[PDB]
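Structure file final11.pdb with PDB, C-alpha atoms:
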ATOM      1  CA  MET A   1      -1.862 -21.976   3.816  1.00  0.00           C
ATOM      2  CA  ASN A   2      -1.905 -18.390   2.551  1.00  0.00           C
ATOM      3  CA  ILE A   3       0.491 -15.825   1.166  1.00  0.00           C
ATOM      4  CA  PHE A   4       2.132 -14.980   4.502  1.00  0.00           C
ATOM      5  CA  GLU A   5       2.825 -18.549   5.390  1.00  0.00           C
ATOM      6  CA  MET A   6       4.048 -19.301   1.918  1.00  0.00           C
ATOM      7  CA  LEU A   7       6.514 -16.479   1.879  1.00  0.00           C
ATOM      8  CA  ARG A   8       7.556 -17.199   5.399  1.00  0.00           C
ATOM      9  CA  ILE A   9       8.564 -20.659   4.186  1.00  0.00           C
ATOM     10  CA  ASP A  10      10.474 -19.351   1.102  1.00  0.00           C
ATOM     11  CA  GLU A  11      12.288 -16.456   2.764  1.00  0.00           C
ATOM     12  CA  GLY A  12      12.919 -17.537   6.327  1.00  0.00           C
ATOM     13  CA  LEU A  13      13.131 -15.133   9.273  1.00  0.00           C
ATOM     14  CA  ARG A  14      16.433 -13.554  10.407  1.00  0.00           C
ATOM     15  CA  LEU A  15      16.600 -10.875  12.963  1.00  0.00           C
ATOM     16  CA  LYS A  16      20.114  -9.682  12.125  1.00  0.00           C
ATOM     17  CA  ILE A  17      21.288  -8.190   8.850  1.00  0.00           C
ATOM     18  CA  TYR A  18      22.155 -10.861   6.315  1.00  0.00           C
ATOM     19  CA  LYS A  19      22.886 -11.125   2.624  1.00  0.00           C
ATOM     20  CA  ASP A  20      20.414 -12.633   0.342  1.00  0.00           C
ATOM     21  CA  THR A  21      21.129 -15.232  -2.369  1.00  0.00           C
ATOM     22  CA  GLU A  22      22.391 -12.400  -4.538  1.00  0.00           C
ATOM     23  CA  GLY A  23      24.590 -11.074  -1.691  1.00  0.00           C
ATOM     24  CA  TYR A  24      22.409  -7.987  -0.927  1.00  0.00           C
ATOM     25  CA  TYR A  25      21.772  -6.777   2.519  1.00  0.00           C
ATOM     26  CA  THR A  26      18.418  -7.948   3.893  1.00  0.00           C
ATOM     27  CA  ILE A  27      16.736  -8.457   7.234  1.00  0.00           C
ATOM     28  CA  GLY A  28      13.681 -10.091   8.624  1.00  0.00           C
ATOM     29  CA  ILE A  29      11.420 -11.964   6.163  1.00  0.00           C
ATOM     30  CA  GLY A  30      13.125 -11.238   2.935  1.00  0.00           C
ATOM     31  CA  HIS A  31      13.082  -7.447   3.457  1.00  0.00           C
ATOM     32  CA  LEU A  32      15.686  -6.067   1.039  1.00  0.00           C
ATOM     33  CA  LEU A  33      17.464  -3.149   2.516  1.00  0.00           C
ATOM     34  CA  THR A  34      19.845  -2.055  -0.229  1.00  0.00           C
ATOM     35  CA  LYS A  35      21.905  -3.146  -3.183  1.00  0.00           C
ATOM     36  CA  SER A  36      24.883  -1.206  -1.768  1.00  0.00           C
ATOM     37  CA  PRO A  37      27.835  -2.759  -0.119  1.00  0.00           C
ATOM     38  CA  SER A  38      28.501  -0.073   2.437  1.00  0.00           C
ATOM     39  CA  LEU A  39      27.626  -1.302   5.905  1.00  0.00           C
ATOM     40  CA  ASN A  40      26.858   2.324   6.503  1.00  0.00           C
ATOM     41  CA  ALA A  41      24.385   2.789   3.754  1.00  0.00           C
ATOM     42  CA  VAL A  42      22.920  -0.418   5.212  1.00  0.00           C
ATOM     43  CA  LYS A  43      22.659   0.755   8.764  1.00  0.00           C
ATOM     44  CA  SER A  44      20.986   3.949   7.661  1.00  0.00           C
ATOM     45  CA  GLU A  45      18.423   2.101   5.545  1.00  0.00           C
ATOM     46  CA  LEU A  46      17.595  -0.140   8.466  1.00  0.00           C
ATOM     47  CA  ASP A  47      17.208   2.666  10.953  1.00  0.00           C
ATOM     48  CA  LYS A  48      15.024   4.603   8.646  1.00  0.00           C
ATOM     49  CA  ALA A  49      12.840   1.558   7.890  1.00  0.00           C
ATOM     50  CA  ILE A  50      12.334   0.726  11.577  1.00  0.00           C
ATOM     51  CA  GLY A  51      12.367   4.216  12.795  1.00  0.00           C
ATOM     52  CA  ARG A  52      14.991   3.856  15.436  1.00  0.00           C
ATOM     53  CA  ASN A  53      18.692   3.374  16.108  1.00  0.00           C
ATOM     54  CA  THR A  54      19.154  -0.312  15.572  1.00  0.00           C
ATOM     55  CA  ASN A  55      22.628  -1.769  15.360  1.00  0.00           C
ATOM     56  CA  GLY A  56      21.743  -4.431  12.763  1.00  0.00           C
ATOM     57  CA  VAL A  57      19.187  -6.176  14.934  1.00  0.00           C
ATOM     58  CA  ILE A  58      15.335  -6.048  15.043  1.00  0.00           C
ATOM     59  CA  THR A  59      12.646  -7.731  17.034  1.00  0.00           C
ATOM     60  CA  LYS A  60      10.164 -10.276  15.674  1.00  0.00           C
ATOM     61  CA  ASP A  61       7.416  -7.820  15.902  1.00  0.00           C
ATOM     62  CA  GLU A  62       9.491  -5.341  13.857  1.00  0.00           C
ATOM     63  CA  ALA A  63      10.229  -8.056  11.265  1.00  0.00           C
ATOM     64  CA  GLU A  64       6.537  -8.854  11.040  1.00  0.00           C
ATOM     65  CA  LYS A  65       5.528  -5.255  10.506  1.00  0.00           C
ATOM     66  CA  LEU A  66       7.976  -4.935   7.648  1.00  0.00           C
ATOM     67  CA  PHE A  67       6.709  -8.225   6.240  1.00  0.00           C
ATOM     68  CA  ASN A  68       3.081  -7.016   6.349  1.00  0.00           C
ATOM     69  CA  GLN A  69       4.049  -3.751   4.589  1.00  0.00           C
ATOM     70  CA  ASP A  70       5.960  -5.706   1.953  1.00  0.00           C
ATOM     71  CA  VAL A  71       3.128  -8.079   1.114  1.00  0.00           C
ATOM     72  CA  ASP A  72       0.761  -5.119   0.954  1.00  0.00           C
ATOM     73  CA  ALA A  73       3.092  -3.295  -1.370  1.00  0.00           C
ATOM     74  CA  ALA A  74       3.498  -6.335  -3.626  1.00  0.00           C
ATOM     75  CA  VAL A  75      -0.253  -6.715  -3.963  1.00  0.00           C
ATOM     76  CA  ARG A  76      -0.586  -3.023  -4.641  1.00  0.00           C
ATOM     77  CA  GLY A  77       2.148  -3.222  -7.290  1.00  0.00           C
ATOM     78  CA  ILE A  78       0.364  -5.992  -9.158  1.00  0.00           C
ATOM     79  CA  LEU A  79      -2.938  -4.051  -9.071  1.00  0.00           C
ATOM     80  CA  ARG A  80      -1.249  -0.999 -10.489  1.00  0.00           C
ATOM     81  CA  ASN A  81       0.587  -2.733 -13.211  1.00  0.00           C
ATOM     82  CA  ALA A  82      -1.115  -2.924 -16.567  1.00  0.00           C
ATOM     83  CA  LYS A  83       0.495  -6.165 -17.553  1.00  0.00           C
ATOM     84  CA  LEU A  84       0.070  -7.778 -14.205  1.00  0.00           C
ATOM     85  CA  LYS A  85      -3.333  -6.830 -13.133  1.00  0.00           C
ATOM     86  CA  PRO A  86      -5.192  -8.715 -15.860  1.00  0.00           C
ATOM     87  CA  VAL A  87      -3.334 -11.830 -15.142  1.00  0.00           C
ATOM     88  CA  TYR A  88      -3.964 -11.582 -11.448  1.00  0.00           C
ATOM     89  CA  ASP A  89      -7.657 -10.969 -12.066  1.00  0.00           C
ATOM     90  CA  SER A  90      -7.900 -14.043 -14.192  1.00  0.00           C
ATOM     91  CA  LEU A  91      -6.476 -16.376 -11.555  1.00  0.00           C
ATOM     92  CA  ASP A  92      -7.906 -18.470  -8.753  1.00  0.00           C
ATOM     93  CA  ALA A  93      -6.909 -17.759  -5.121  1.00  0.00           C
ATOM     94  CA  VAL A  94      -4.008 -20.246  -4.862  1.00  0.00           C
ATOM     95  CA  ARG A  95      -2.426 -19.168  -8.110  1.00  0.00           C
ATOM     96  CA  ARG A  96      -2.784 -15.471  -7.089  1.00  0.00           C
ATOM     97  CA  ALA A  97      -0.450 -16.275  -4.166  1.00  0.00           C
ATOM     98  CA  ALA A  98       2.095 -17.721  -6.593  1.00  0.00           C
ATOM     99  CA  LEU A  99       2.124 -14.538  -8.540  1.00  0.00           C
ATOM    100  CA  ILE A 100       2.439 -12.340  -5.433  1.00  0.00           C
ATOM    101  CA  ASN A 101       5.410 -14.602  -4.351  1.00  0.00           C
ATOM    102  CA  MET A 102       7.202 -13.853  -7.597  1.00  0.00           C
ATOM    103  CA  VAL A 103       6.576 -10.079  -7.269  1.00  0.00           C
ATOM    104  CA  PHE A 104       7.860 -10.006  -3.720  1.00  0.00           C
ATOM    105  CA  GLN A 105      10.980 -11.746  -4.784  1.00  0.00           C
ATOM    106  CA  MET A 106      11.810 -10.027  -7.976  1.00  0.00           C
ATOM    107  CA  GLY A 107       9.778  -6.892  -8.112  1.00  0.00           C
ATOM    108  CA  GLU A 108       7.028  -5.795 -10.455  1.00  0.00           C
ATOM    109  CA  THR A 109       9.374  -5.033 -13.369  1.00  0.00           C
ATOM    110  CA  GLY A 110      11.047  -8.342 -13.217  1.00  0.00           C
ATOM    111  CA  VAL A 111       7.819 -10.314 -13.283  1.00  0.00           C
ATOM    112  CA  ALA A 112       6.122  -8.048 -15.860  1.00  0.00           C
ATOM    113  CA  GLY A 113       9.113  -9.120 -17.965  1.00  0.00           C
ATOM    114  CA  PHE A 114       7.818 -12.750 -18.286  1.00  0.00           C
ATOM    115  CA  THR A 115       5.479 -11.842 -21.058  1.00  0.00           C
ATOM    116  CA  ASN A 116       5.186 -15.213 -22.583  1.00  0.00           C
ATOM    117  CA  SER A 117       4.536 -16.978 -19.272  1.00  0.00           C
ATOM    118  CA  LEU A 118       2.032 -14.319 -18.238  1.00  0.00           C
ATOM    119  CA  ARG A 119       0.054 -14.794 -21.387  1.00  0.00           C
ATOM    120  CA  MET A 120       0.072 -18.569 -20.914  1.00  0.00           C
ATOM    121  CA  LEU A 121      -1.142 -18.157 -17.343  1.00  0.00           C
ATOM    122  CA  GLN A 122      -3.911 -15.982 -18.538  1.00  0.00           C
ATOM    123  CA  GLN A 123      -5.009 -18.634 -21.042  1.00  0.00           C
ATOM    124  CA  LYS A 124      -4.851 -21.283 -18.273  1.00  0.00           C
ATOM    125  CA  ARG A 125      -2.203 -23.416 -20.140  1.00  0.00           C
ATOM    126  CA  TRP A 126      -0.702 -24.607 -16.907  1.00  0.00           C
ATOM    127  CA  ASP A 127       1.823 -27.066 -18.204  1.00  0.00           C
ATOM    128  CA  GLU A 128       2.977 -24.888 -20.951  1.00  0.00           C
ATOM    129  CA  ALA A 129       3.431 -21.944 -18.608  1.00  0.00           C
ATOM    130  CA  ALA A 130       5.431 -24.150 -16.138  1.00  0.00           C
ATOM    131  CA  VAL A 131       7.859 -25.032 -18.876  1.00  0.00           C
ATOM    132  CA  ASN A 132       8.258 -21.510 -20.021  1.00  0.00           C
ATOM    133  CA  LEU A 133       8.686 -20.201 -16.539  1.00  0.00           C
ATOM    134  CA  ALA A 134      11.535 -22.770 -15.967  1.00  0.00           C
ATOM    135  CA  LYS A 135      13.545 -21.193 -18.822  1.00  0.00           C
ATOM    136  CA  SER A 136      14.821 -18.376 -16.784  1.00  0.00           C
ATOM    137  CA  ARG A 137      17.607 -17.032 -14.798  1.00  0.00           C
ATOM    138  CA  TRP A 138      15.281 -17.121 -11.781  1.00  0.00           C
ATOM    139  CA  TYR A 139      14.852 -20.890 -11.926  1.00  0.00           C
ATOM    140  CA  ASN A 140      18.549 -21.464 -12.568  1.00  0.00           C
ATOM    141  CA  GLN A 141      19.572 -19.309  -9.600  1.00  0.00           C
ATOM    142  CA  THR A 142      16.951 -20.391  -7.032  1.00  0.00           C
ATOM    143  CA  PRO A 143      15.647 -23.705  -8.373  1.00  0.00           C
ATOM    144  CA  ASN A 144      14.055 -25.136  -5.197  1.00  0.00           C
ATOM    145  CA  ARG A 145      11.990 -22.047  -4.641  1.00  0.00           C
ATOM    146  CA  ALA A 146      11.214 -21.606  -8.271  1.00  0.00           C
ATOM    147  CA  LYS A 147      10.082 -25.240  -8.402  1.00  0.00           C
ATOM    148  CA  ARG A 148       7.655 -24.633  -5.449  1.00  0.00           C
ATOM    149  CA  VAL A 149       6.120 -21.570  -7.181  1.00  0.00           C
ATOM    150  CA  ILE A 150       5.908 -23.239 -10.537  1.00  0.00           C
ATOM    151  CA  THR A 151       4.201 -26.280  -9.056  1.00  0.00           C
ATOM    152  CA  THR A 152       1.716 -24.028  -7.404  1.00  0.00           C
ATOM    153  CA  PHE A 153       0.965 -22.415 -10.825  1.00  0.00           C
ATOM    154  CA  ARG A 154       0.865 -25.867 -12.404  1.00  0.00           C
ATOM    155  CA  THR A 155      -1.528 -27.383  -9.923  1.00  0.00           C
ATOM    156  CA  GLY A 156      -3.462 -24.591  -8.254  1.00  0.00           C
ATOM    157  CA  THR A 157      -2.848 -26.464  -4.907  1.00  0.00           C
ATOM    158  CA  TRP A 158      -0.470 -25.985  -1.907  1.00  0.00           C
ATOM    159  CA  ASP A 159       0.948 -29.340  -2.343  1.00  0.00           C
ATOM    160  CA  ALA A 160       4.533 -28.013  -2.760  1.00  0.00           C
ATOM    161  CA  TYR A 161       4.410 -26.313   0.489  1.00  0.00           C
ATOM    162  CA  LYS A 162       3.028 -29.290   2.317  1.00  0.00           C
TER     163      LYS A 162
END
Take the structure in this file and express it as structure tokens.
Amino acid sequence: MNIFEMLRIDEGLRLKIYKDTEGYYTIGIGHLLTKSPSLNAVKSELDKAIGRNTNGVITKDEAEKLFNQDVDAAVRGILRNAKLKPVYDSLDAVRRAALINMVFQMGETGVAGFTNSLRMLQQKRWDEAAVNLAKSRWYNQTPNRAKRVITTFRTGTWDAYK
């Protein structure tokens, strides 16, 4: 297992425009297009992202390219963030994937906002961090996914994805 497979499991793959759990327009492997409701704004964003006149549909290869750019960007975001980087550097390879998963889903700002959890992860207080992380809107809204990520932080194994 690795980051790509993990996220592929949590986000699915859809080749036509769809709304995410929060109702926002997305496509592919969790690629958020826009928070706007206009199907126009949406079509524009897609065309611009893909570089061609779409019509709300993309190929698998196009979805994969966007996915690769997204993972890259999430990693890059962690490495640039002063609150995130230190945590990421302190973690083992499996746990690093859990953190990237969170960033991809909720953005750098969102995650950097879990101060308490972040400090507990840095101190390697796995159980404590898992409890803290559970006390969040994120877990309440997407509990199955949040439970998979949390377990991964708790155990440092891929067991939740197996």
Which of A:46, A:104, A:98, A:145 sits closest to residue 2 (chain A) [using only C-alpha atoms]: A:98
CA of residue 29 (chain A) to CA of residue 92 (chain A), straight-line distance in Å: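 Interatomic distance, CA of residue 92 (chain A) to CA of residue 29 (chain A): 25.3 Å.
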Top pick for closest residue to residue 9 (chain A), considering A:30, A:53, A:39, A:77 and counting all atoms listed in the file: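 With all atoms listed in the file as the atom set, the closest residue is A:30.
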Protein, DNA and RNA residues within 10 Å of (-4.9, -19.7, -6.6), only C-alpha atoms, as JSON, numbers by chain: {"A": [2, 88, 90, 91, 92, 93, 94, 95, 96, 97, 98, 99, 152, 153, 155, 156, 157, 158]}
Length of the CA of residue 137 (chain A) to CA of residue 28 (chain A) vector [Å]: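 The value is 24.7 Å.
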Reference answer for the PyMOL selection byres ((chain A and resi 24) around 9), as a list in words: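 Checked against the file, the PyMOL selection byres ((chain A and resi 24) around 9) matches residues 18, 19, 20, 21, 22, 23, 25, 26, 32, 33, 34, 35, 36 and 37 of chain A.
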Residues matched by the PyMOL selection byres ((chain A and resi 62) around 12) as a ChimeraX atom specification: /A:13-16,27-29,31,46-47,49-52,54,57-61,63-69
Can you report as lines of an AutoDock Vina configuration file the centre and edge lengths in Å, to one decimal, of an axis-aligned box around the listed atoms of region 51-64 of chain A padded with 4 Å on each side?
center_x = 14.6
center_y = -3.0
center_z = 14.0
size_x = 24.1
size_y = 22.5
size_z = 14.0
Gap from CA of residue 74 (chain A) to CA of residue 108 (chain A) - Å, one decimal: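 Taking CA of residue 74 (chain A) as the start and CA of residue 108 (chain A) as the end point, the length is 7.7 Å.
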Among listed residues A:121, A:133, A:111, A:102, nearest residue 71 (chain A) (using only C-alpha atoms):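 Among the listed residues, A:102 lies closest to residue 71 (chain A).
Ranking A:119, A:85, A:70, A:124 by their shortest atom-to-atom distance to residue 107 (chain A), with only C-alpha atoms included, puts A:70 first.
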Which residue of A:148, A:41, A:100, A:106 approaches residue 162 (chain A) most closely, using all atoms listed in the file: A:148
Given all atoms listed in the file as the counted atoms, nearest of A:55, A:151, A:101, A:144 to residue 43 (chain A):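 Closest residue, counting all atoms listed in the file: A:55.
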Nearby residues, (14.0, -24.8, -8.9) file frame, 12 Å, all atoms listed in the file, as a PyMOL selection string: chain A and resi 10+130-131+133-151+160
